[PDB]
Amino acid sequence: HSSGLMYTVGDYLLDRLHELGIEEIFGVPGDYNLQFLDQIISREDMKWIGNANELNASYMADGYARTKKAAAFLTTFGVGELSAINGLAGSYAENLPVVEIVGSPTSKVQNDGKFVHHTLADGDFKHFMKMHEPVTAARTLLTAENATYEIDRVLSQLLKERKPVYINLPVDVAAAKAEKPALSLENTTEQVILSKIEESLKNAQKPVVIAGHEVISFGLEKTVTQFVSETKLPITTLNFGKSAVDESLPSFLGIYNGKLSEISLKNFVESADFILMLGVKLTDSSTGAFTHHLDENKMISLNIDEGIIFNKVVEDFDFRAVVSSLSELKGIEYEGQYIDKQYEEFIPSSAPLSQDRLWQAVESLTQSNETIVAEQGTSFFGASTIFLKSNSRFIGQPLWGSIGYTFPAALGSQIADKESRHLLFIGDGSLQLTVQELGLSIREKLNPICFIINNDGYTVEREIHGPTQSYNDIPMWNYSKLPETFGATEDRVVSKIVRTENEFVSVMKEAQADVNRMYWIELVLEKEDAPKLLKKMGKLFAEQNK
Amino acid sequence: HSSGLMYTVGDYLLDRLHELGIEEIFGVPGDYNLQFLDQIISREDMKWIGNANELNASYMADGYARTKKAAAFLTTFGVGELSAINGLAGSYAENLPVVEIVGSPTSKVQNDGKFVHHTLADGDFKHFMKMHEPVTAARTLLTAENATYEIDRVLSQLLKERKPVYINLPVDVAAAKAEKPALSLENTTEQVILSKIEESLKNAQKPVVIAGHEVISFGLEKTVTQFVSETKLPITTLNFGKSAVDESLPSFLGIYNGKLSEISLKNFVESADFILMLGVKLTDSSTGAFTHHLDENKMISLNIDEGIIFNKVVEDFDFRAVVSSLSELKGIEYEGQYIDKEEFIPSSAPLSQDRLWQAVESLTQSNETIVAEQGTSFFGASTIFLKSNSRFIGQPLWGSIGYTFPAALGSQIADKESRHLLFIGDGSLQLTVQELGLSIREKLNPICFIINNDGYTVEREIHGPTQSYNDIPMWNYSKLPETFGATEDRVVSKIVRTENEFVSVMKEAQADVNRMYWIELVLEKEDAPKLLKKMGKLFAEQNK
Ligand SMILES: Cc1ncc(Cc2c([C@@H](C)O)sc(CCOP(=O)(O)OP(=O)(O)O)c2C)c(N)n1
Ligand SMILES: Cc1ncc(Cc2c([C@@H](C)O)sc(CCOP(=O)(O)OP(=O)(O)O)c2C)c(N)n1
Ligand SMILES: [Mg+2]
Ligand SMILES: [Mg+2]
């Protein structure tokens, strides 16, 4: 004790999760995990945060992982795990270190082949783990004797690749005896790679660094930011991995998005004489539908699973080790120009809110040490191009792109860093998929600023195909009234409806000033209104489907 | 004159769905399915009914299947289909004929291995179909050259087994040319089975029939009901397959649930000299945690996959064909007795669980469908005797909480003339509440009871009665319809606390066929119906 005044498999698992930095476990209870849940409740160093449903729990764990750099959630066998699998798939796609724990029937029930609840009544308890093979880096069915090695094996794989892993935990196994961990869980080609990077950077007249999502996966943002700060090297990111570096760096150019990039940024990146890509994946939504021009002949790219050194593929290196050794490089100093930074100002009028003006206002009014979370739809595509301030971050999911993700994800991220004020931008259509975590937000007394874009349906989809087709319409809820209906009082959540630019600035300032309450702001915009980038990207998506 | 002087693969699929009797398609749009969606919207013979999310869409299609006897839903590649997979798993477990259509990127995009949205950015577009293998009877990724063959193959498997099937439909493939279908979709072993059943029923002095969920799967309820009515044979069902026969039959004994059965029913079933089981599976929640006593030496059981004739296994038979030939058997008439069959008088007393289900039993009418969610609702409602032409939807094998709300709406869409009564707990409603918008848009008139007992009471009864994980955030449930956009001409919302209030509101609801009823029932967290008090401890022992 600080004052100076049987261990089980369940304790071992929880101790290892604590080592990973996890202080909160998400999910939904079931009879097959209640005894292990008791162990979670008893922990002084970690909190159970129960969700309304398992898909939302998986999304929430993903957001938490993006900020905390590790996460865990708990489901019940069959019905819980299968409800969550789309969230885990997203975590695999965008490479987030999430542990799913699945409580399963006792070893004896499984071995007896009993037709119990949450099964297909065929006595086979292994179908569901098999179904997770494509979306997990490692998976295990624990036994009393295998538990400590199996837990360590799969969590070591989480540390190695920062992809999700899967632990099936039978009821009786969690209660079985174990002993405390003895040790914690935590170069030639690597040194060659560093020498070639050093040589290339020093010889380059116009170098450019491109940082991506795998930097975020490994929590290497501060490391890359420091490297770029010290060397003054020009840097850009895709919208996939936005905030992989601090956007207040003087050498940060903006977001490269193929032919949809700002012209001066596009010209700079595409005329660079050397390109260093760190943890980047080029996807449709992050390259203006594959209209990027990045010359492999002038490039060294480093990813988790491979590196390409001027066209030579290498696999025998550690991505984290190489990136962390970049500030052993001395004497690299860019002496050229960057591009002109446009002046950021927003002067409101009484005009009704429009998309392009909305994002101009958000850019101006967002502060340092805030996290912007933006949903697929007008929100992602508008917010993607805003210049973030010092120590500010971004969460978007452009590869997996599961609408509804951002609401639970914003809440998980907000729990992960209570000192970083989260601003959520989510569409009306997207909120309807995951709205039930509003209850959790109230119970946990979270204080994010949530903006719900009521544009009477799926505007991003209207921009791609069938602008006046009925399938792009949704039932209109009274969005501003949701907190009250879900049990919130005025001293917990402040709810608003905003129609004009003047109203938006007033509420935004009011919300930003009041750090001790959650804000729930219904923004009314026209269904035909889309931000400039989305008007362009919509037609590219449409072309891709022809 | 005086002088003497196109059809596509998408259309083909929709024509086949029409053939299956499907008039509504559920789901959620995505760019990879919008052009196929245009084809659905254009149809005169079926309607797109868009859901809030895909899990709910799969649940809704399942409920629709239970009543309509076939169903379809549409998702987008990756994110849509994986969101729905728990619903499809439940349809596989409980054997419902649901078709999932997944809209996927163009064949060119797939062949080029492009890193497009809703993928793992590895160029592989086959992972998600593989993930469906254990929960589908058949699956296909359509090409322009195999599309009609493959549609017919998988829909024929749906007809054969009545389990869910899966069709991945690339954008360009749906728009590819096709020709209208040339053919419609559709032994001694069966004769021996029928003869052995006939002989056993002829010679039996105390036969009993047990009907199960696979009867519901094949739409054989009326067939089995007719057979039992003609022969006067004693019949029971498990709670898994409740309403596989009409419960108003004179020879309907009640629900057999192992040692938790009513004593006279248990004694009757377990002393029968011959047992005929039709489409039954014995599961923990449907046998009082495996405390049933059914002697295979006295039994002929028929299932979709397998038949057992006095311990001898048979497989070369058509389950539907055999069940459909039972009314042709002769010299079968039961001449014995059954088992012996209180007026419900309400008071101002606060609502309690056992009294609630007594009231429901007394007030339920003919031509209703009762839907009951895992929790106090299922365990209470499962023993109510249904009136004539009334049905039940419960999911005791798969047991996914939240299922019943979308399922109840889907079933209600499937049969507009059966008034649906839903009993769902507060904890369960919180998983699937967003389909309230759909119910309002579609002007559905079910009667919905939400059991507000301040958390997960069934779980409290199993383990940790005062542990914080059994608590949930309390919503103002009665206010949900209003907040989701309902007006008073569409939904009537109320909070009910007493027995008098309950009888009044249920009667009021049943009398008003033109509006939806949304009724919050207030009960204590410690209160559970008698069956659940027992089952809670049996689950606890099962997890030792
Ligand atoms: C789980 C799921 N289902 C379906 C989709 C398809 C889809 C998107 C594809 C393109 O990813 S964008 C979109 C509409 C989002 O509408 P909104 O939230 O109202 O946003 P806004 O009106 O501001 O554009 C859908 C349904 C998806 N991405 N994820
Ligand atoms: C999708 C999902 N998640 C979790 C469970 C576990 C579970 C049940 C296991 C046993 O199936 S029963 C139950 C509580 C239901 O609570 P309620 O709806 O408030 O019902 P009541 O309070 O009336 O008992 C849960 C969470 C489940 N069945 N399905
Ligand atoms: Mg919208
Ligand atoms: Mg409850």
# chains A, B, ... in the order shown; residues from 1 in each chain; ligands from 1
call {"tool": "residues_near_ligand", "arguments": {"ligand": "ligand 3", "cutoff": "8 Å", "atoms": "only C-alpha atoms and all ligand atoms", "output": "list in words"}}
result
residues 377, 378, 427, 428, 429, 430, 453, 454, 455, 456, 457, 458, 459, 460 and 527 of chain A
call {"tool": "select_by_dssp", "arguments": {"residues": "range 234-438 of chain A", "states": "alpha helix (DSSP H)", "output": "ChimeraX atom specification"}}
result
/A:263-271,319-324,355-365,378-383,406-416,428-434,438
call {"tool": "residues_near_ligand", "arguments": {"ligand": "ligand 4", "cutoff": "8 Å", "atoms": "only C-alpha atoms and all ligand atoms", "output": "ChimeraX atom specification"}}
result
/B:375-376,425-428,451-458,525
call {"tool": "write_last_selection", "arguments": {"atoms": "C-alpha atoms", "output": "JSON list (two decimals), in the first residue's frame"}}
result
[["chain", "number", "residue", "atom", "x", "y", "z"],
["B", 375, "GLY", "CA", -35.70, -12.39, -19.82],
["B", 376, "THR", "CA", -38.81, -12.21, -17.64],
["B", 425, "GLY", "CA", -37.42, -5.97, -21.31],
["B", 426, "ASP", "CA", -35.78, -2.56, -20.79],
["B", 427, "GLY", "CA", -32.27, -4.08, -21.18],
["B", 428, "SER", "CA", -33.16, -5.76, -24.47],
["B", 451, "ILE", "CA", -40.82, -4.13, -18.92],
["B", 452, "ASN", "CA", -39.02, -1.45, -16.90],
["B", 453, "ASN", "CA", -37.55, -3.35, -13.97],
["B", 454, "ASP", "CA", -34.45, -1.17, -13.69],
["B", 455, "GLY", "CA", -31.99, -3.54, -15.42],
["B", 456, "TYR", "CA", -31.22, -7.15, -16.37],
["B", 457, "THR", "CA", -33.46, -9.16, -13.98],
["B", 458, "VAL", "CA", -32.89, -12.54, -15.69],
["B", 525, "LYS", "CA", -35.86, -5.62, -10.23]]
call {"tool": "interface_residues", "arguments": {"of": "chain B", "to": "chain A", "cutoff": "6 Å", "atoms": "only C-alpha atoms", "output": "number ranges by chain"}}
result
B: 52-53, 79, 82-83, 86, 93, 115-118, 120, 131, 283-284, 397-398, 400, 430-431, 437, 473, 475-476, 483-485, 543
call {"tool": "write_last_selection", "arguments": {"atoms": "N, CA, C and O atoms", "output": "short mmCIF file (atom, residue, chain, number, x, y, z; two decimals), in the first residue's frame"}}
result
data_model
loop_
_atom_site.label_atom_id
_atom_site.label_comp_id
_atom_site.auth_asym_id
_atom_site.auth_seq_id
_atom_site.Cartn_x
_atom_site.Cartn_y
_atom_site.Cartn_z
N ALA B 52 -32.78 1.18 -39.80
CA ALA B 52 -31.79 2.10 -39.22
C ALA B 52 -30.41 1.47 -39.27
O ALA B 52 -29.44 2.14 -39.66
N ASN B 53 -30.31 0.20 -38.87
CA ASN B 53 -29.05 -0.56 -38.98
C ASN B 53 -29.25 -2.01 -39.47
O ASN B 53 -30.37 -2.53 -39.51
N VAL B 79 -19.04 -3.91 -44.31
CA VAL B 79 -19.62 -3.24 -43.13
C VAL B 79 -21.10 -3.61 -42.89
O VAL B 79 -21.54 -3.75 -41.75
N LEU B 82 -21.30 -7.81 -42.24
CA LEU B 82 -20.74 -8.22 -40.93
C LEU B 82 -21.58 -7.68 -39.76
O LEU B 82 -21.63 -8.30 -38.70
N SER B 83 -22.22 -6.53 -39.95
CA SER B 83 -23.15 -6.00 -38.95
C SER B 83 -24.36 -6.92 -38.77
O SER B 83 -24.89 -7.04 -37.67
N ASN B 86 -24.82 -11.74 -36.90
CA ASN B 86 -25.48 -12.30 -35.72
C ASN B 86 -26.96 -12.62 -35.97
O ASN B 86 -27.47 -13.63 -35.49
N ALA B 93 -29.46 -21.04 -36.67
CA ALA B 93 -29.72 -21.81 -35.44
C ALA B 93 -31.17 -22.27 -35.33
O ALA B 93 -31.42 -23.44 -35.03
N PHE B 115 -7.71 -1.17 -53.20
CA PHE B 115 -7.90 -0.86 -51.78
C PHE B 115 -9.08 0.10 -51.64
O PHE B 115 -8.90 1.28 -51.38
N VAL B 116 -10.30 -0.42 -51.81
CA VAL B 116 -11.51 0.38 -51.70
C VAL B 116 -12.16 0.26 -50.32
O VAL B 116 -11.85 -0.65 -49.53
N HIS B 117 -13.04 1.20 -50.03
CA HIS B 117 -13.76 1.26 -48.76
C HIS B 117 -14.57 -0.02 -48.49
O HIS B 117 -15.03 -0.69 -49.42
N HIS B 118 -14.72 -0.34 -47.21
CA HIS B 118 -15.31 -1.60 -46.71
C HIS B 118 -14.45 -2.84 -47.02
O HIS B 118 -14.99 -3.94 -47.17
N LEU B 120 -10.25 -4.77 -46.15
CA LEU B 120 -9.09 -4.78 -45.26
C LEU B 120 -7.85 -4.21 -45.96
O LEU B 120 -6.74 -4.31 -45.42
N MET B 131 -16.41 -16.16 -44.00
CA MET B 131 -16.88 -15.97 -42.62
C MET B 131 -18.35 -16.40 -42.40
O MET B 131 -18.74 -16.74 -41.28
N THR B 283 -33.11 -28.35 -26.15
CA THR B 283 -32.06 -27.39 -25.76
C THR B 283 -32.20 -27.02 -24.28
O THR B 283 -33.23 -27.33 -23.67
N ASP B 284 -31.19 -26.36 -23.71
CA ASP B 284 -31.20 -26.09 -22.26
C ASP B 284 -32.45 -25.30 -21.82
O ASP B 284 -33.11 -25.68 -20.86
N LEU B 397 -33.14 -20.79 -28.34
CA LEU B 397 -31.86 -21.43 -28.67
C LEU B 397 -30.79 -20.39 -28.91
O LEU B 397 -29.77 -20.40 -28.25
N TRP B 398 -31.01 -19.50 -29.89
CA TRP B 398 -30.00 -18.48 -30.17
C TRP B 398 -29.96 -17.44 -29.04
O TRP B 398 -28.89 -17.13 -28.52
N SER B 400 -30.66 -14.06 -28.63
CA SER B 400 -30.00 -12.77 -28.78
C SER B 400 -30.92 -11.65 -28.32
O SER B 400 -31.87 -11.29 -29.03
N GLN B 430 -32.94 -1.62 -25.43
CA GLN B 430 -31.78 -0.73 -25.62
C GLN B 430 -30.81 -1.19 -26.74
O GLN B 430 -30.05 -0.37 -27.26
N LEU B 431 -30.84 -2.47 -27.11
CA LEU B 431 -29.99 -2.95 -28.22
C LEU B 431 -30.53 -2.61 -29.63
O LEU B 431 -29.73 -2.49 -30.56
N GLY B 437 -38.39 4.26 -35.57
CA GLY B 437 -38.61 5.14 -36.73
C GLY B 437 -39.32 4.45 -37.88
O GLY B 437 -40.28 4.98 -38.43
N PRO B 473 -28.55 2.22 -17.77
CA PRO B 473 -29.11 3.58 -17.69
C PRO B 473 -30.62 3.60 -17.93
O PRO B 473 -31.09 3.04 -18.93
N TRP B 475 -33.83 4.90 -19.32
CA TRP B 475 -34.42 5.86 -20.24
C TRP B 475 -35.85 6.16 -19.81
O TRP B 475 -36.44 5.42 -19.01
N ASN B 476 -36.40 7.23 -20.36
CA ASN B 476 -37.83 7.51 -20.26
C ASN B 476 -38.53 6.81 -21.42
O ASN B 476 -38.86 7.43 -22.42
N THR B 483 -40.16 11.32 -29.34
CA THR B 483 -38.81 11.79 -29.67
C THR B 483 -38.36 11.29 -31.04
O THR B 483 -37.64 11.99 -31.76
N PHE B 484 -38.83 10.10 -31.42
CA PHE B 484 -38.56 9.51 -32.73
C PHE B 484 -39.54 10.00 -33.82
O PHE B 484 -39.51 9.52 -34.96
N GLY B 485 -40.41 10.95 -33.46
CA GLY B 485 -41.23 11.69 -34.43
C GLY B 485 -42.70 11.29 -34.50
O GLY B 485 -43.43 11.81 -35.35
N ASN B 543 -23.22 -23.38 -15.25
CA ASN B 543 -21.96 -22.63 -15.38
C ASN B 543 -20.94 -22.90 -14.26
O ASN B 543 -19.91 -22.22 -14.18
#
call {"tool": "closest_residue", "arguments": {"among": "A:280, A:518, A:183, A:72", "to": "residue 445 in chain A", "atoms": "only C-alpha atoms"}}
result
A:518
call {"tool": "residues_around", "arguments": {"residues": "residue 532 in chain A", "least_positions_apart": "3", "cutoff": "8 Å", "atoms": "only C-alpha atoms", "output": "short mmCIF file (atom, residue, chain, number, x, y, z; two decimals) with N, CA, C and O atoms, in the first residue's frame"}}
result
data_model
loop_
_atom_site.label_atom_id
_atom_site.label_comp_id
_atom_site.auth_asym_id
_atom_site.auth_seq_id
_atom_site.Cartn_x
_atom_site.Cartn_y
_atom_site.Cartn_z
N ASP A 356 -19.85 24.42 -46.53
CA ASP A 356 -18.51 24.99 -46.67
C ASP A 356 -18.19 25.99 -45.56
O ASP A 356 -17.09 25.98 -45.02
N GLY A 382 -15.80 17.13 -45.06
CA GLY A 382 -15.61 18.54 -44.68
C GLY A 382 -14.53 18.76 -43.63
O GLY A 382 -13.67 19.63 -43.78
N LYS A 535 -18.61 16.98 -53.07
CA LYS A 535 -19.25 17.16 -54.38
C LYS A 535 -18.37 16.52 -55.46
O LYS A 535 -18.88 15.90 -56.39
N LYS A 536 -17.06 16.65 -55.31
CA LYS A 536 -16.10 16.03 -56.22
C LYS A 536 -15.97 14.52 -56.00
O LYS A 536 -15.98 13.74 -56.95
#
call {"tool": "select_by_dssp", "arguments": {"residues": "range 468-497 of chain A", "states": "strand (DSSP E)", "output": "number ranges by chain"}}
result
A: 493-497
call {"tool": "write_last_selection", "arguments": {"atoms": "C-alpha atoms", "output": "compact mmCIF listing (two decimals), in the first residue's frame"}}
result
# COMPACT_ATOMS: atom_id res chain seq x y z
CA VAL A 493 -26.33 17.74 -21.04
CA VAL A 494 -27.15 21.02 -22.77
CA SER A 495 -29.20 20.46 -25.94
CA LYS A 496 -29.54 22.98 -28.80
CA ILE A 497 -30.95 23.41 -32.31
call {"tool": "atom_distance", "arguments": {"atom1": "CA of residue 243 in chain A", "atom2": "CA of residue 199 in chain A"}}
result
27.0 Å
call {"tool": "residues_around", "arguments": {"residues": "range 215-226 of chain B", "least_positions_apart": "5", "cutoff": "10 Å", "atoms": "only C-alpha atoms", "output": "PyMOL selection string"}}
result
chain B and resi 65-70+91+94-97+159-163+209+231-232+235+241-249+252+278-280+303-304+319-320+323-327+389+391
call {"tool": "write_last_selection", "arguments": {"atoms": "N, CA and C atoms", "output": "compact mmCIF listing (two decimals), in the first residue's frame"}}
result
# COMPACT_ATOMS: atom_id res chain seq x y z
N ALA B 65 -39.79 -13.94 -41.91
CA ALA B 65 -39.72 -15.34 -42.33
C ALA B 65 -40.59 -16.27 -41.48
N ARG B 66 -40.63 -16.03 -40.17
CA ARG B 66 -41.40 -16.88 -39.27
C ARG B 66 -42.90 -16.86 -39.62
N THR B 67 -43.36 -15.76 -40.21
CA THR B 67 -44.78 -15.57 -40.54
C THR B 67 -45.08 -15.74 -42.04
N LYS B 68 -44.24 -15.13 -42.88
CA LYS B 68 -44.41 -15.17 -44.33
C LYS B 68 -43.86 -16.48 -44.93
N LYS B 69 -42.91 -17.10 -44.23
CA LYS B 69 -42.29 -18.39 -44.61
C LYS B 69 -41.14 -18.28 -45.63
N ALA B 70 -40.75 -17.04 -45.93
CA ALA B 70 -39.55 -16.71 -46.70
C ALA B 70 -39.26 -15.24 -46.44
N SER B 91 -30.96 -17.01 -37.48
CA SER B 91 -31.79 -17.64 -38.51
C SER B 91 -31.28 -19.04 -38.88
N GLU B 94 -32.12 -21.36 -35.57
CA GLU B 94 -33.54 -21.67 -35.42
C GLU B 94 -34.24 -22.00 -36.75
N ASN B 95 -33.44 -22.14 -37.80
CA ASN B 95 -33.87 -22.69 -39.08
C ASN B 95 -34.93 -21.82 -39.78
N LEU B 96 -34.61 -20.56 -40.05
CA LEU B 96 -35.53 -19.71 -40.82
C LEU B 96 -35.00 -19.41 -42.22
N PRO B 97 -35.88 -19.49 -43.23
CA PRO B 97 -35.52 -19.29 -44.64
C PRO B 97 -35.33 -17.81 -45.02
N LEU B 159 -35.14 -23.63 -50.20
CA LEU B 159 -36.40 -24.38 -50.24
C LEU B 159 -36.25 -25.78 -49.64
N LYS B 160 -35.09 -26.41 -49.84
CA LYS B 160 -34.87 -27.78 -49.38
C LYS B 160 -34.72 -27.86 -47.86
N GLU B 161 -33.95 -26.95 -47.27
CA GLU B 161 -33.62 -27.00 -45.84
C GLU B 161 -34.31 -25.93 -45.00
N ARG B 162 -34.76 -24.85 -45.64
CA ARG B 162 -35.36 -23.69 -44.95
C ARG B 162 -34.40 -23.00 -43.97
N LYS B 163 -33.10 -23.13 -44.25
CA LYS B 163 -32.04 -22.39 -43.55
C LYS B 163 -31.59 -21.21 -44.42
N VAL B 209 -47.89 -36.51 -29.14
CA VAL B 209 -47.14 -35.86 -30.20
C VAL B 209 -46.40 -34.68 -29.57
N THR B 231 -57.47 -36.63 -35.43
CA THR B 231 -57.11 -37.84 -34.68
C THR B 231 -57.36 -37.73 -33.18
N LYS B 232 -57.52 -36.49 -32.69
CA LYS B 232 -57.68 -36.19 -31.26
C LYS B 232 -56.45 -36.57 -30.42
N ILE B 235 -51.19 -33.64 -27.71
CA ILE B 235 -50.05 -32.91 -28.26
C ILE B 235 -49.49 -31.87 -27.28
N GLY B 241 -40.32 -23.56 -30.52
CA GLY B 241 -41.36 -24.03 -31.43
C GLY B 241 -42.77 -23.83 -30.90
N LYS B 242 -42.93 -22.99 -29.88
CA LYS B 242 -44.26 -22.66 -29.38
C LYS B 242 -45.13 -22.09 -30.51
N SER B 243 -46.35 -22.61 -30.61
CA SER B 243 -47.33 -22.32 -31.66
C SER B 243 -47.06 -23.09 -32.96
N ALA B 244 -46.28 -24.16 -32.87
CA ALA B 244 -46.14 -25.12 -33.98
C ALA B 244 -47.47 -25.84 -34.26
N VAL B 245 -48.34 -25.86 -33.26
CA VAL B 245 -49.73 -26.28 -33.40
C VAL B 245 -50.63 -25.20 -32.74
N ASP B 246 -51.89 -25.12 -33.17
CA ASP B 246 -52.88 -24.25 -32.53
C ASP B 246 -53.17 -24.72 -31.09
N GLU B 247 -52.90 -23.84 -30.13
CA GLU B 247 -53.04 -24.20 -28.71
C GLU B 247 -54.49 -24.26 -28.20
N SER B 248 -55.45 -23.89 -29.05
CA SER B 248 -56.87 -24.00 -28.71
C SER B 248 -57.44 -25.41 -28.95
N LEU B 249 -56.65 -26.30 -29.55
CA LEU B 249 -57.07 -27.70 -29.73
C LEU B 249 -57.42 -28.36 -28.39
N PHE B 252 -54.52 -30.27 -26.91
CA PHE B 252 -53.30 -29.54 -26.56
C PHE B 252 -53.12 -29.51 -25.05
N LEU B 278 -42.03 -34.19 -33.93
CA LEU B 278 -42.02 -33.56 -35.24
C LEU B 278 -41.26 -32.22 -35.19
N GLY B 279 -40.03 -32.23 -35.69
CA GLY B 279 -39.23 -31.00 -35.84
C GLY B 279 -38.76 -30.38 -34.54
N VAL B 280 -38.42 -31.24 -33.57
CA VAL B 280 -38.04 -30.84 -32.24
C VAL B 280 -36.52 -30.88 -32.07
N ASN B 303 -36.92 -35.07 -38.05
CA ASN B 303 -36.32 -33.75 -38.18
C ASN B 303 -35.93 -33.53 -39.63
N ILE B 304 -35.61 -32.28 -39.97
CA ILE B 304 -35.23 -31.92 -41.34
C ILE B 304 -34.03 -32.76 -41.79
N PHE B 319 -38.64 -34.44 -44.99
CA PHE B 319 -39.37 -34.11 -43.76
C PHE B 319 -40.75 -33.52 -44.05
N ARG B 320 -40.80 -32.53 -44.94
CA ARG B 320 -42.06 -31.86 -45.29
C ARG B 320 -43.06 -32.85 -45.90
N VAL B 323 -44.48 -35.27 -43.01
CA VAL B 323 -45.43 -34.52 -42.19
C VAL B 323 -46.73 -34.26 -42.97
N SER B 324 -46.61 -33.93 -44.25
CA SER B 324 -47.77 -33.63 -45.10
C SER B 324 -48.61 -34.87 -45.47
N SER B 325 -48.12 -36.06 -45.13
CA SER B 325 -48.85 -37.31 -45.41
C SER B 325 -49.50 -37.93 -44.17
N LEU B 326 -49.34 -37.28 -43.01
CA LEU B 326 -49.87 -37.81 -41.75
C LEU B 326 -51.41 -37.88 -41.74
N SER B 327 -52.08 -36.93 -42.38
CA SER B 327 -53.55 -36.95 -42.44
C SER B 327 -54.12 -38.06 -43.36
N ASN B 389 -56.11 -19.57 -33.73
CA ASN B 389 -55.37 -18.85 -34.76
C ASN B 389 -54.36 -17.83 -34.22
N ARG B 391 -50.43 -17.08 -32.55
CA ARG B 391 -49.07 -17.57 -32.71
C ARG B 391 -48.13 -16.93 -31.71
call {"tool": "residues_around", "arguments": {"residues": "residue 340 in chain B", "least_positions_apart": "6", "cutoff": "10 Å", "atoms": "only C-alpha atoms", "output": "MDAnalysis selection string"}}
result
chainID B and resid 253 264:265
call {"tool": "residues_around", "arguments": {"residues": "residue 274 in chain B", "least_positions_apart": "3", "cutoff": "6 Å", "atoms": "only C-alpha atoms", "output": "MDAnalysis selection string"}}
result
chainID B and resid 207 298:299
call {"tool": "write_last_selection", "arguments": {"atoms": "C-alpha atoms", "output": "PDB file, in the first residue's frame"}}
result
ATOM      1  CA  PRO B 207     -49.642 -41.677 -27.464  1.00  0.00           C
ATOM      2  CA  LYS B 298     -40.777 -45.546 -27.314  1.00  0.00           C
ATOM      3  CA  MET B 299     -40.080 -42.810 -29.894  1.00  0.00           C
TER       4      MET B 299
END
call {"tool": "residues_around", "arguments": {"residues": "residue 435 in chain B", "least_positions_apart": "5", "cutoff": "9 Å", "atoms": "only C-alpha atoms", "output": "JSON, numbers by chain"}}
result
{"A": [432], "B": [51, 52, 53, 56, 57, 405, 406, 409, 440]}
call {"tool": "write_last_selection", "arguments": {"atoms": "C-alpha atoms", "output": "PDB file, in the first residue's frame"}}
result
ATOM      1  CA  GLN A 432     -29.446   6.245 -36.000  1.00  0.00           C
TER       2      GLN A 432
ATOM      3  CA  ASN B  51     -33.874  -0.150 -41.524  1.00  0.00           C
ATOM      4  CA  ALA B  52     -31.794   2.098 -39.223  1.00  0.00           C
ATOM      5  CA  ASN B  53     -29.052  -0.559 -38.985  1.00  0.00           C
ATOM      6  CA  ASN B  56     -31.899  -4.906 -36.936  1.00  0.00           C
ATOM      7  CA  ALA B  57     -32.561  -5.618 -40.637  1.00  0.00           C
ATOM      8  CA  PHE B 405     -38.384  -5.739 -31.372  1.00  0.00           C
ATOM      9  CA  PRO B 406     -37.328  -5.737 -35.056  1.00  0.00           C
ATOM     10  CA  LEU B 409     -42.235  -5.523 -36.646  1.00  0.00           C
ATOM     11  CA  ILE B 440     -43.796   5.057 -37.399  1.00  0.00           C
TER      12      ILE B 440
END
call {"tool": "closest_residue", "arguments": {"among": "B:402, B:10, B:21, B:164", "to": "residue 33 in chain B", "atoms": "only C-alpha atoms"}}
result
B:10
call {"tool": "closest_atom_pairs", "arguments": {"of": "chain B", "to": "ligand 1", "cutoff": "6 Å", "atoms": "only C-alpha atoms and all ligand atoms", "output": "CSV"}}
result
residue,atom,partner,partner_atom_place_in_ligand_line,distance
B:28,CA,ligand 1,4 (C),6.0
B:29,CA,ligand 1,26 (C),5.3
B:30,CA,ligand 1,6 (C),3.6
B:31,CA,ligand 1,10 (C),5.4
B:79,CA,ligand 1,1 (C),4.8
B:80,CA,ligand 1,3 (N),4.9
